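>>> Please find the sequence and an experimentally derived structure below.
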Amino acid sequence: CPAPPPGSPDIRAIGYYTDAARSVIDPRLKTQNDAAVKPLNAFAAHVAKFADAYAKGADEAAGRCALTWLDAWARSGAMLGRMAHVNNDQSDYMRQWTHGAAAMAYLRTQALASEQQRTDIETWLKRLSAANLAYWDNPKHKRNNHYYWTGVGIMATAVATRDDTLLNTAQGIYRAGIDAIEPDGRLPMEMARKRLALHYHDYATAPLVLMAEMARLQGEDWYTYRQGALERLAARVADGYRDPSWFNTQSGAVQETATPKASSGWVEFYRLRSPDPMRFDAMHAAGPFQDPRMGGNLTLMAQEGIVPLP
Ligand SMILES: [Cl-]
């Protein structure tokens, strides 16, 4: 268990797209951002690594390691300071994704938390929930996949703290994504991403599925809300990896060639819920899938549950 790394209140991330459709990356700005947000991505990667190790069994030390890291960032007020804006709101997006990773790790490991760790971490996760939610009160902040990703941290915080108010908030974010699906299966704000339209439909599906999967921890079946809409979106994504012609036509751009990876592992859960599970076999075959922003090993969590049994 390495020492908990510094948890600064402040973030200074750098946007890295060159075009209006946020579809072409400036590699210089991407390298700059990677360096600027390295502490945040490293924190996420490690707490997820520790949570995955805990889930293997006979490794409570790993679970406690995640809690030591989370408690250290809670006590330093990590990410609750200045979201510095350079060329866009990348700092806010990083706080959304890192809150999600931290909240997922806490949800997975909290059975081992001490009394002080529970109070420290839950207060911090609720403060991050309020701060990230307040970002979305400005209607100029378009509620695309970033909004659904914000729901990951809010939902994990809601389940871990058994907070019915935060649960209602997260349900609203999930349902906003479901309600945004058009009859043809598209999410218009993701379809506007030109060569990355398929990528962003995949990336928008990921937090929606993860939220519904966390709702199962409270016995709820969120897939019954507008039942079938999420399937239309998920099926478009699976179809698009086989044949991008629909995404090509509807986005106006030939899709970037890519294989499912990382957050695409929402399919590991969703194939267990879909009325047509085998349509997702080709995506499943690209696994296993790991993503710290979604709690770690999605392939294993879909089989063993998000929260390991103590
Ligand atoms: Cl079931």
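Arrived safely. Numbers count the residues shown, from 1 in each chain.

>>> Which parts of this protein are helices?
Ranges of helices within the chain are 27-36, 38-55, 60-75, 90-109, 115-135, 145-161, 164-180, 188-191, 197-216, 229-242, 245-251, 266-270, 281-284, 298-304, based on DSSP state H.

>>> As CSV, these with mean neighbour count would be great.
No exception for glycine: its C-beta is placed from N, CA and C like everyone else's. Formatted as CSV, these follow (neighbours: other Cβ atoms under 10 Å):
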stretch, mean neighbour count
helix 27-36, 14
helix 38-55, 21
helix 60-75, 21
helix 90-109, 26
helix 115-135, 18
helix 145-161, 27
helix 164-180, 18
helix 188-191, 18
helix 197-216, 25
helix 229-242, 20
helix 245-251, 18
helix 266-270, 26
helix 281-284, 18
helix 298-304, 19
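
>>> Make CSV from those helices and add distance to residue 257 to it.
Below are the helices of the chain laid out as CSV (distance: least, Cβ to Cβ, whole Å):
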stretch, distance to residue 257
helix 27-36, 18
helix 38-55, 25
helix 60-75, 36
helix 90-109, 25
helix 115-135, 33
helix 145-161, 21
helix 164-180, 26
helix 188-191, 18
helix 197-216, 10
helix 229-242, 10
helix 245-251, 12
helix 266-270, 19
helix 281-284, 15
helix 298-304, 23
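
>>> Residue 291 is nearest to which of those helices?
helix 298-304 (6.3 Å; Cβ to Cβ).

>>> which other helices and strands contact the closest one?
helix 38-55, helix 266-270, strand 290-291 (3 or more Cβ pairs under 8 Å, 6 or more residues apart in numbering; DSSP states H and E).

>>> which residues sit against the second one?
Which is helix 266-270. 205-206, 208-210, 213, 230, 234, 238, 260, 280, 283-284, 287-289, 294, 298-299, 301-302 (Cβ atoms under 8 Å, 6 or more residues apart in numbering).

>>> hang on, the earlier thing: for residue 109, find the nearest of the helices and strands packed on helix 298-304.
helix 38-55 (5.6 Å).

>>> quick one: the nearest residue to residue 260 once chain neighbours are set aside from residue 264, how far?
Spatial nearest neighbour of residue 260, chain neighbours left out: residue 286 (4.4 Å); criterion: Cβ to Cβ, 6 or more residues apart in numbering. Using Cβ to Cβ, to the nearest Å, residue 286 is found at 7 Å from residue 264.

>>> And the two? Which one has more around it.
residue 264 (25 against 14; other Cβ atoms under 10 Å).

>>> The residue nearest to that one when sequence neighbours are not counted and residue 87, how far apart?
Excluding its sequence neighbours, the residue lying closest to residue 264 (Cβ to Cβ, 6+ apart) is residue 202, at 5.5 Å. The gap separating residue 202 from residue 87 is 25 Å, by Cβ to Cβ.

>>> Was I right to think residue 142 contacts residue 189?
Yes - between residue 142 and residue 189 there is a contact under Cβ atoms under 8 Å: 6.2 Å.

>>> Regarding stretch 278-292, how distant is the last residue from the first?
Stretch 278-292 has an end-to-end distance of 26 Å (Cα to Cα, to the nearest Å).

>>> Correction: the previous question concerned stretch 73-84.
19 Å.

>>> Just the buried positions in that stretch, please.
Of the residues in stretch 73-84, those buried by neighbour count under the rule 16 or more other Cβ atoms under 10 Å are 73-74, 76, 78-80, 83.

>>> Centroid-wise, who is the farthest residue in the chain?
Using Cα atoms, centre = their mean, the residue of the chain lying farthest from its centre is residue 249. It sits 28.0 Å away.

>>> Please report the distance of that residue from residue 197.
Taken as Cβ to Cβ, the span from residue 249 to residue 197 is 10 Å.

>>> Please apply the same query to residue 15.
From residue 15 to residue 197 the distance is 19 Å (Cβ to Cβ).

>>> swap in residue 21?
9 Å.

>>> Identify the contacts common to these two.
Between them, residue 21 and residue 197 share no contacting residue, judged by Cβ under 8 Å, 6+ apart.

>>> and stretch 212-221, how far apart are its ends?
7 Å.

>>> before we move on, what about stretch 270-286?
Start-to-end, stretch 270-286 (Cα to Cα) is 15 Å.

>>> Need phi/psi at the residue nearest to residue 260.
Note on residue 286: backbone dihedrals following degrees, to the nearest 10 are phi -80, psi 0.
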